[PDB]
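A short reminder: the numbers here are calculations on the coordinates, not readings from a lab. Virtual Cβ from ideal backbone geometry, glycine too; neighbours counted across all protein chains shown.
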2 protein chains.
Amino acid sequence: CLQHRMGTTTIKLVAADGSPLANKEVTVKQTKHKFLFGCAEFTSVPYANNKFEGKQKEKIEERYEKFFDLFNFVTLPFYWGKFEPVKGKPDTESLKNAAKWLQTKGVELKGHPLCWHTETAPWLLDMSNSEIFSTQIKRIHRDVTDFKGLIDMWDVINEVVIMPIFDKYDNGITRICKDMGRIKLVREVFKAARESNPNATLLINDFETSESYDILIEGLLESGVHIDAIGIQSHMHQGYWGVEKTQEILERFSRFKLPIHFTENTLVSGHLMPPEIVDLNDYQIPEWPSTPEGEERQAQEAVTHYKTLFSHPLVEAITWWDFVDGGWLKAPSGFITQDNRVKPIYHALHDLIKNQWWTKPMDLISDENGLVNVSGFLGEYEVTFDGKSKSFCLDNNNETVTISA
Amino acid sequence: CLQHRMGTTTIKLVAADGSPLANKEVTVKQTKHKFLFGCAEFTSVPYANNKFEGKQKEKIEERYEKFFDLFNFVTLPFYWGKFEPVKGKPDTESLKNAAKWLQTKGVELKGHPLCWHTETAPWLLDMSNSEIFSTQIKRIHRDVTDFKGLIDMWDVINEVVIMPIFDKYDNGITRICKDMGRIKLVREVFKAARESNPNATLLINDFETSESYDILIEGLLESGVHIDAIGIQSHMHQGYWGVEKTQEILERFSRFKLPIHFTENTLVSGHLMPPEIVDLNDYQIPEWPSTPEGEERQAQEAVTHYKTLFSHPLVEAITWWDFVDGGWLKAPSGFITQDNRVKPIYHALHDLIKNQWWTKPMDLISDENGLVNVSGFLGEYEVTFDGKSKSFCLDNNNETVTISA
C-alpha cells in the first residue's frame, strides 16, 4: 500500500573496456528520498550571510545537524516587503548565499511567495494599479531569472481566494486582483514565471480547502493556466483535521490529476488555538508554552498526518512550517525548543521517514552480465565495492544504468 | 436616486398622410414596468389545463386578479422529474397551455430549471454518465425549441456550486457534473440552449452567495461561457439579510457588469426558521401559522428588500417564490392566505410598485411638429386622444417614436 512510493532499477557494473564485473559482491543503500520532506528555514539567510557568531552560531549549527538528518527540501523567504523594502534594491545576494549554502547540503529549494497580499512591497500603494501590476510582473521576471538553476520551484501566487476581498489592510496586490480578477492575475504571473524559467516547478498555494479553491483551480485550468502542483496549507493550531477530513480534501483536489504539495504544516504541542478564530494572525497572545501531553499529542498526530499524505499517490511533498518552537504566533509548533531540546515529534518523524520509509542496506551479487536489481523507496542510492562508492537514481522508468570503474 | 429606472422619449403624432397632429391635447399613462416584478406560479399549469371547477376555481381566480395587478413576470416549473416522469413522454402540452394563458395576461415568462440535481429524471440512474449527459443536452434542445417564441428565458442550470458534491441522494446530474466538472457541464448546457434559441435569456442560478459562486462565474466567463444574467436566490426563512449584507453581495457580483436577477425571494410572517439548518428542505413541521406582528415584520422587511434591489442598477428582476401562504415548507411566505385574506405585504408592495414606482397620468399638448416629450419609469405607456389609445415603449435609446391614425 506504499507501492507507489517504491520502485525497481537494474544497474550494470562494467570495467573500463565495457566488460562486465560478473559475480561481484556489492552493498547497496539508500542515501536520499525522492519524496520531498521539507521544512521552511528562514534562518539560513542570516546564517549563510555570516550574521551569527560565538555560541549562538554553535547552538544554531546544532539544530542544523538535526534538521538535515530529517529534511531534504527547504522553503526560502521571498516576501516582497522583506526582499525589497527599498524600491529598486532587492536582497538578491543575501538569498543567493543562503541557496548556495543549502545546495551544498543537497536539499531541494522552493521560494515563497512571488505574489501575495501580505508582506508585499509597501511602496506599491503610491503607484497606480497599472504600475503595480507592471512592477509585480517585473519582480517575477527578475527574481525567477536570477535564481534559475539554483531555485527552480516557486509558490508563484498565494491565497488567491481571499486576496481580492482581503480587508485587514490596504496593499497593492489586493488592489490589482480586485481590479483585473483572480483568474487574469494568476494567468499572468504564471506566464511571466514560465517565461523566465522553462524548467521551473510553479505552484499556486492556499489555506482555503473548501470548494472555492477547487473551483478557482478548475477555472484556471480551463482558462489555459498550466499549474505544475497544487499547494494546500495545513496550519492546524485549532486541532488536527483527522484522517477522514484530510482524505475528503485529497480526493476532491485529486480530480485534476496534478501533484499536490502540502506546503505549510503545523501541529502545536501546547493548548489548541480557540476554534472561532478565522484569520490565525489575529491570535496574538504573549506566551504559548509546550506541555508534555501536548508533545505526545503533537507526535502522534504528526505521524498520522504524514502517513495519510504519503499514502496518497498524487501527494509529492510535505513541508513543515516551523522547525523550532516560538516561531509564527510564538506557537509551540516546532520539533525542537528554543533551548535546543529535541521534542518527541522529531523522534517520531525521524523514525517514520528515516527508518519505516527507508530501504535498508542490501548485500547483492551481480550476475554474469554484471547486472544487479535494486528494489526500495524511490530516491538516491549508492553501490559500494572495492572501497569505491557510486551514486545512482532509483526511479520509475525501468532503464538500466551502467556504472564504470 | 432611481434615475437609472427612468427615461425620456419623444413621440410624434401624425395623421395617416404623415402630417403632424399639431397642438393636440393628449393623455399619457404608464401601463407596464420594464422592470420584472415576478412570482413563481405553478398553479397556472392545472388551472390552464382545466383541472379546477366550482368554487375552488372561483377562489383561485380571485387570487389571480390580485396576482396580475402586481406582477409582470412569472416563473414556470420545468423540473425534469415532474415534466417527464415517463421517459420519452414530456408534459409539453400542459405547459404550452399554461404559457399561452399567461401570455394573454401580458406577463414575461421564465422556465425553471432545465438542469438541476433535485427533482431531475429518476430514470437517469439506469444510464451511463455518457448517456445521462447526452440525454440532458437533448432535453434542453427539445424544450427550448418547443417553447421558442413563448418562453424565451431559462434558468439553464441551478445550484452548480453544490451540484457535484451533493450527497443527500444519488441523481444523474450530480454524477455527470462530478465526472466532467462544473465548468464543462455549464458550458455545454448554455451552448445547447443557445443553439435552440438565439434570442433566449439564459441564466445560471444559485443560493450560494459566498465567493465560491462569484469565482465559479469568473471561471465560466473566462472559459468563453456567455451568461445573460446571474441568478441569486434569496430564501430568508431564517431571517431577512439586512441592507448591508445585501449590498455587499450586489457589489461583489456587479464586477461582471452582467444583469443580476433575484430569482426566489422568501420572507415569512410567522416564527423564523432556526438559523443552524443548512438544507431548508429538512424543516418539515406540521404547522407554521402567520402572526399579526409577523405580517407587519414581513411587509416592512419586504419593502426594504425590494427598495435595496431596485436601487441597484444592474438588478433587472425580483421574483417572489410563493404568492400564497402554505406553499413550500407550508411556510407563511405568501402575500395572501389560503382563505384568500390579503396580507399587509401585498398592500405594501402594491403601493411600492404600482404607486411610488409608477408614473402618473400626464396631460400634454403636442407642438407644431406633433412632438410630445414623455418622462417616467421605463416600461410600456399609452397615449390617448379622440377616444383612441396607442401603445409605445419608453426606453433608454433616444429614439423618436411616430404614432399614426
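Work through the residues other than A:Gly334 whose Cβ is under 13 Å from its Cβ and net out their charges, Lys, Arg +1 and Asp, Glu -1. After counting each charged neighbour, the total is 0. Taking a point 7 Å out from the Cα of B:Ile365 in the direction of its Cβ, the residues of segment B:1-38 whose backbone N falls within less than 17 Å of it are B:13, B:21-28. Pairwise Cα distances in segment A:352-405 exceed 13 Å in 66 percent of cases. Stokes-Einstein diffusion of segment B:242-371 at 37 °C, 0.692 mPa s viscosity, Kirkwood radius from Cα pairs, rounded to a whole number: 194 µm²/s. Angle of helix A:182-196 to the longest C-alpha principal axis of chain A, folded into 0 to 90 degrees and rounded to 10: 50°.
Please compute the modelled spin-label separation between B:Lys390 and B:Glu296, points set 7 Å along Cα→Cβ, answer in nm with one decimal. Reported label-point gap for B:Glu296 and B:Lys390 is 5.1 nm. When the alpha carbon gyration tensor of segment B:160-226 is reduced to an equivalent ellipsoid, its three semi-axes come out at 21, 15, 11 angstrom, largest first. Karplus-based coupling profile of segment A:11-21, in residue order and whole Hz: 10, 10, 9, 10, 6, 5, 8, x, 5, x, 7, with θ = phi - 60° in 6.51 cos²θ - 1.76 cosθ + 1.60 and x standing for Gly or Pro.
Relative to the 2.2 N^0.38 Å rule of thumb, chain A has a C-alpha radius of gyration ratio of 1.06.
Full extension of the chain between A:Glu382 and A:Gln238 gives 47.6 nm of extra length, using 0.36 nm per residue less the Cα-Cα distance.
Restricting the trypsin sites (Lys or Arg not before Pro) of segment A:284-382 to loop positions (DSSP other than H, G, I, E, B) with no more than 15 neighbouring Cβ atoms within 10 Å leaves A:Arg341. Per residue of peptide B:218-228, the mean number of Cβ atoms on other chains within 10 Å of the residue Cβ is 4.
Summing +1 for each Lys or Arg and -1 for each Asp or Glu among the other residues whose beta-carbon sits under 15 angstrom from that of A:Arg297 gives -4. Of the GluC sites (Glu not before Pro) found in segment A:262-345, the ones in coil according to DSSP and having at most 10 other Cβ atoms within 10 Å of their Cβ are A:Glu276, A:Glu287. Loop-resident chymotrypsin sites (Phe, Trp or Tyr not before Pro) (DSSP state other than H, G, I, E or B) in segment A:155-217 with no more than 14 further Cβ atoms inside 10 Å of their Cβ: A:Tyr169. Between A:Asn205, A:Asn369, A:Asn265, the residue with the greatest mean-square fluctuation in the GNM of chain A (Cα pairs under 10 Å linked by springs) is A:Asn369.
Taking other residues whose beta carbon is less than 10 angstrom from the beta carbon of B:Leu258, and scoring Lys, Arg as +1 and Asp, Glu as -1, yields 0. Computed across the protein assembly as shown, the Kirkwood hydrodynamic radius from all distinct Cα-Cα pairs reaches 31.5 Å.
Across peptide B:181-187, the average count of Cβ atoms from other chains found within 10 Å of a residue's Cβ is 3. Based on Cα contacts under 8 Å between residues 6+ apart, chain B shows a relative contact order of 28 percent.
Taking A:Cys393, A:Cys115, A:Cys177 in turn, the Gaussian network model of chain A (Cα-Cα springs below 10 Å) assigns the largest fluctuation to A:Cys393. Among B:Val225, B:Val324, B:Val26, the largest mean-square fluctuation in a Gaussian network model of chain B, built with springs joining Cα atoms closer than 10 Å, belongs to B:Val26.
If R0 is 45 Å, the Cβ-Cβ spacing of B:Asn281 and B:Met6 corresponds to a FRET efficiency of close to 0.65.
Bridge orientation summary for segment A:32-354: considering DSSP beta bridges with both residues in this region, about 5 percent are antiparallel. Averaging over all projection directions, the Cα-based convex hull of segment B:189-271 occupies 6.4 nm² in the image plane. For segment B:281-293, the Karplus equation 6.51 cos²θ - 1.76 cosθ + 1.60, evaluated at θ = phi - 60°, returns couplings of 5, 6, 7, 10, 10, x, 8, 8, x, 6, 10, x, 6 Hz by residue, with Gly and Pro reported as x. The mean sequence separation of alpha-carbon pairs under 8 Å and at least six residues apart, normalised by the residue count of segment B:268-404, gives a relative contact order of 17 percent. Between B:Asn50 and A:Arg255, the simple spin-label model (points 7 angstrom out along Cα→Cβ) gives 4.9 nm.
Full extension of the segment from A:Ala15 to A:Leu125, taken as 0.36 nm per residue of separation minus the current Cα-Cα distance, would add 33.0 nm. In this structure, the residue pairs whose Cα-Cα separation is over 24 Å, taken from A:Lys138/A:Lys257; B:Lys51/B:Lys168; A:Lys34/A:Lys110; B:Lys57/B:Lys330; B:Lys87/B:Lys330; B:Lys57/B:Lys100, are A:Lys138/A:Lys257; B:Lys51/B:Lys168; B:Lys87/B:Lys330. For A:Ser404, place a label point 7 Å from Cα along the Cα-to-Cβ direction in every copy; what are the distances to the other copies, in nm, shortest first? Output for A:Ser404: 9.8 nm, nearest copy listed first. Spin-label pair B:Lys96-B:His226: with each label point 7 Å from Cα along the Cα-Cβ axis, the two points sit 2.9 nm from one another.
Spatial offset of segment A:1-64 relative to segment B:345-405 amounts to 83 Å, using the alpha carbon center of each. Over segment B:52-186, Cα pairs under 8 Å with separation of 6+ residues give a relative contact order of 27 percent.
Entry note, chain A: the mean residue ellipticity at 222 nm calculated from DSSP H runs of n ≥ 4, each adding -39500 (n - 2.57), is -10000 deg cm²/dmol after division by the residues and rounding to the nearest 500. How many percent of all Cα-Cα pairs in segment A:130-180 sit more than 14 Å apart? For segment A:130-180, the share of Cα pairs beyond 14 Å comes to 59 percent.
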